[PDB]
Amino acid sequence: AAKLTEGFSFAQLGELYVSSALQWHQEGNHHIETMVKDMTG
Amino acid sequence: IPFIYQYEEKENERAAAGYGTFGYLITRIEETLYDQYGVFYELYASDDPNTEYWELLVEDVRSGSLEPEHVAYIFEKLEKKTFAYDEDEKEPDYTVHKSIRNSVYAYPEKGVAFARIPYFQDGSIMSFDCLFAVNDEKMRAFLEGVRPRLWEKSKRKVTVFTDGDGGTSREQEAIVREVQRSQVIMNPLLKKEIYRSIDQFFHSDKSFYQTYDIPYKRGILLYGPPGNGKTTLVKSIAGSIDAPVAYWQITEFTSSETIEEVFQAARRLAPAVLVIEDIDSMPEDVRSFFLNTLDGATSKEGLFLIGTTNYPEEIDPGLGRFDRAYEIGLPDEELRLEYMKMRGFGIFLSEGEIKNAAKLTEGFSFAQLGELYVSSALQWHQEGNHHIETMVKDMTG
Amino acid sequence: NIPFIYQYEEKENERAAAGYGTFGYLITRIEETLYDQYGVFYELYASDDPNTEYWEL
Amino acid sequence: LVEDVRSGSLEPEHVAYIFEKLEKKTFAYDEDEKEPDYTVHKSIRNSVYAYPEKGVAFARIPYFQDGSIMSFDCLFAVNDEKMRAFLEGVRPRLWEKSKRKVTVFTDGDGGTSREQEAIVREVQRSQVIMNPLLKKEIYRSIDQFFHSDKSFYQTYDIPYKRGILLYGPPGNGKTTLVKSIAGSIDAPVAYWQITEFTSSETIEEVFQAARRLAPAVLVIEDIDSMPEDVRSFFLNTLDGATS
Amino acid sequence: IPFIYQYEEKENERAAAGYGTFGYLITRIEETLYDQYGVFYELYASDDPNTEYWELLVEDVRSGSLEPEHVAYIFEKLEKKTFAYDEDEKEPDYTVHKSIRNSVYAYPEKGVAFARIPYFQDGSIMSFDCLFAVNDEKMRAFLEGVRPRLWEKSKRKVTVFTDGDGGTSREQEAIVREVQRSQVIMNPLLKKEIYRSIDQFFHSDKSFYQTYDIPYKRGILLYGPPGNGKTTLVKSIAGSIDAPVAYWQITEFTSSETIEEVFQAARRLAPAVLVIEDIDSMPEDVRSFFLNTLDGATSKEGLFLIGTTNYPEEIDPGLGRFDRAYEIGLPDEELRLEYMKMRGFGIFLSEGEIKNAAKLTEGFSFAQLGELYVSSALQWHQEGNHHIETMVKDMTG
Amino acid sequence: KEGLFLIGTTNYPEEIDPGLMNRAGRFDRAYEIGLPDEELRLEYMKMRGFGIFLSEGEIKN
């Protein structure tokens, strides 16, 4: 994920963290790469 | 060493002005509370500037709650009755009940009592708001309980802040229409995503935020082309949340001063959702200051901000300083079809007619589907005939 | 037992409340007058009403 | 005095109440304050307090005026030398207390507003992700300025002050770097909020208040948003060195 | 002819409100002054609006001067002590001394006495300022003496006027640094010329102005490219003058109203030098009015104005309405060398090194030579090494 | 009752409201106050006091 996030700010990594964590907490998996693409979207 | 003034005061001239009446009333208020409850109430505020729990008192009395008990009137010949009716508010209240001014009330289980003591001056009738308690521990527990009561009460209401020349104006409004989550017409994939934040923030235990060490706040921006119904959507989202909702109406009077007033007032209802519609209407000289309240070194927690803009360009120059910005486009066919069932086309059309009308309404905004509904409704209510295919083709052209 | 600086004790007519003597007498007389003409009991619902609408009616 | 009483500090000592039937207790809870304080304690109005070791006492004497309740703030001392020494101790006391607060100045219509908050989320230096040699040097100049000695600035008659400017695209640790400073240094930290009401009058109030806190760190977020008709005045204020 | 009001007044109802206390205090103040000094003081101002000599009284008491004698307290139980400490001023004063309010003071040689009589109202404690004298000739000589005392005291200070929204704010400051004429680094030929005016205006007998019939005022403009140290120069000139110095800080609040306030306040310290830095920062709508105060039909005397501008173009459109405008260029080699000895390069460099460094600093501003000094100082204080030739070559590039 | 005599001054006749000029009310005549010629300069220097330190020839020069 550090590689996939070239050009991210820390605040963006932090939004990535909240969104993954929510997914992990509520559904039992994180989907980290989809969310990286959602955010470039 | 010498003294110019050598006059010697009679002991009658030592008396303190106003204290003879006031000390007498306080003594009698305490004697009366003892006679009725068998405990000793003490003064904790002789002219209380706080208004929050005094407004809770009045609403408690007005609404016939059991908890506050009328203990005594102060002056036999001042008012013993009052009414809620104030001609300046949007929604009149005609409730008649025992007066607050000229009365002593007690919350006997809480150990806290209230007296609004009348007096005459210049030239109106004013009052000292006096607060009593049986001991320090009960006084503190009462204060600690104020905000949770205000919170529960504001779930049941919507609070509009309208910025004016002096400052912002707070206005509470009845939730005449409750909003189920199934009535939020929106891209399903993005509806799912937003509600992950919303449900965690408002409809779950708060431990999540401590477990992952995540600031307890959020700010999302909803943007898109005009007429896409962004405003009706945000109200619909807000209405699905089991927490007080506050609307902030930017005006031409919005300054960095109204901003701080509104955010401090919303933050008193935390957790609360704060709706900011057309944040692009706010003056350019406060926008730098505004974005700092959301992400600066002294930004605060407890608020879920939701803003709408037609010009994402101008709000968040980094487009990014809101947490997420979501595009609301025009509705595709399935959204158009949900809309038509929710708005009540099924009144006058068969399911085939709805499915068809969803299919023919390509490029239609939600507003246009609404204007279609009203115009199609009259015809069915005027002519027994709806003529939607004729009306969609005529509204496009 | 924490001392009190102020120890003067008040004679009973120092407890009189400013302006209430005139005001309460008037209210009382207005109630008696209304009773004498209509045989029903009127009481105060507002001692200085800020609403203007029904006053202008 | 209020904060000393509110916090249960050993001095002052409650000496007496003034009126038997005015308040004996109060509570800090002010709904117009962002941090609700629910502490109940002995009343300030209607009480006498003494700092026996300092020889100074306080009475907030109530009285009635136009209906409403007011007070005289009466100050007592045992002698002139005690009074002076007490006064001379006020700003060192406020200095210490300000190390454990953050001061925020927000420019409003009249002028600036001071509020003392605690940081909503504290930030240690280890949570600041940054090039270590950039980090090291930024922290070293701050840490040298307050804890090395001023043998340099006095020897060479150089005013004892410094400023650094942090810049870059948002969301990469500027704010985080700043917030890491309040916890991390033995000196107060003040934030200055520029607004559309920022004026030369506003700039004077802030530096006078900031210099009363010195040695301190003064943070000016978004210094670009300072209005144009006060920039020159701001430069003059910076030059006028209280060291 | 008839009279509506026929009520007949008891002689007790003729009494004048407040006069019974006041006349009693004045009588006792006079009795007490007689008992102590053996003369009769009379009231000359019952609530004096003048503040100048009342401030001289307070500073006299505060500074332990012998001249004002404490005569009596007014009320036994009001303050007998006070302190100078006011948290609103930049420089706190911790002096404790006898109170002014609640006291009677006399200048017995002068024959003038002061009483600040306390009273209670709304709801604070205020005072009547009462002024007494033994006769009219002494009263007048006292008044005539006020301005010369204020003048001597303001030599020892610098007064800053900062224009604000309500009006200008006067601020007195300690002369922490005295400035000898040899520390004014400046073109020698023009230094000589300016000081001809200055020495005549401030450091000589004033008869010159009457002998040649020459208005007793001056206004010079100092201009040049930015960074030429114009501001540090004018402060250095001002600090060499044995007369009160007043700084006027134009702000965005400067109007024709602040102008008149500042000039009338400076003119009270006449002869005084009035420094006006960056007169080009003043609003264009008051500039016509401003130049009239210096040369119009009702312009006044007593002031030596010194202004600085980077835009001589905009200040004095006749470029001429100031008396002289002098260009301050960048320093040539000998000025650069004086600067380096005055600022303290000789701490860490040999004379050869100074001479050399003056030679290599062509095109250097005074500020740049200053920034060179600080950066060269650390190195010598950090590395035992200065490396000026390396640092000049690096600062140019 | 009885008569205001107005005297207006300007260093910028171009910026004058033209309505002010050549009316009997308002300003009916205007005069230019220009640089002094040599005879007038010499007159000014004498009354001013240049003769205190200058000779009759130095002043003429």
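Note that chain D carries Swiss-Prot numbering, so the residues on display, from first to last, are 60-302.
The deposited model was determined using X-ray crystallography, 2.6 Å.
Cβ coordinates come from backbone N, Cα and C, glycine included.
Record features, source Swiss-Prot:
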- D:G227, D:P228, D:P229, D:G230, D:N231, D:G232, D:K233, D:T234: ATP binding site (BINDING)
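Spatially close to D:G227 (ATP binding site) yet at least six residues away along the chain are D:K233, judged by Cβ distances under 8 angstroms.
Listed in sequence order, there are no same-chain residues at least 6 apart in sequence whose CB falls under 8 Å from the CB of D:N231 (ATP binding site). Counting every protein chain shown, the Cβ of D:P228 (ATP binding site) has 8 other Cβ atoms within 10 Å. Burial estimate for the binding-site residues (D:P229, D:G232): highest at D:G232, by number of other CB atoms within 10 Å.
Fewest Cβ neighbours within 10 Å among the binding-site residues D:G230, D:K233, D:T234: this applies to D:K233. Chain B lies within reach of none of the binding-site residues D:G227, D:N231, D:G232, D:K233 when a CB-CB distance under 8 A is required.
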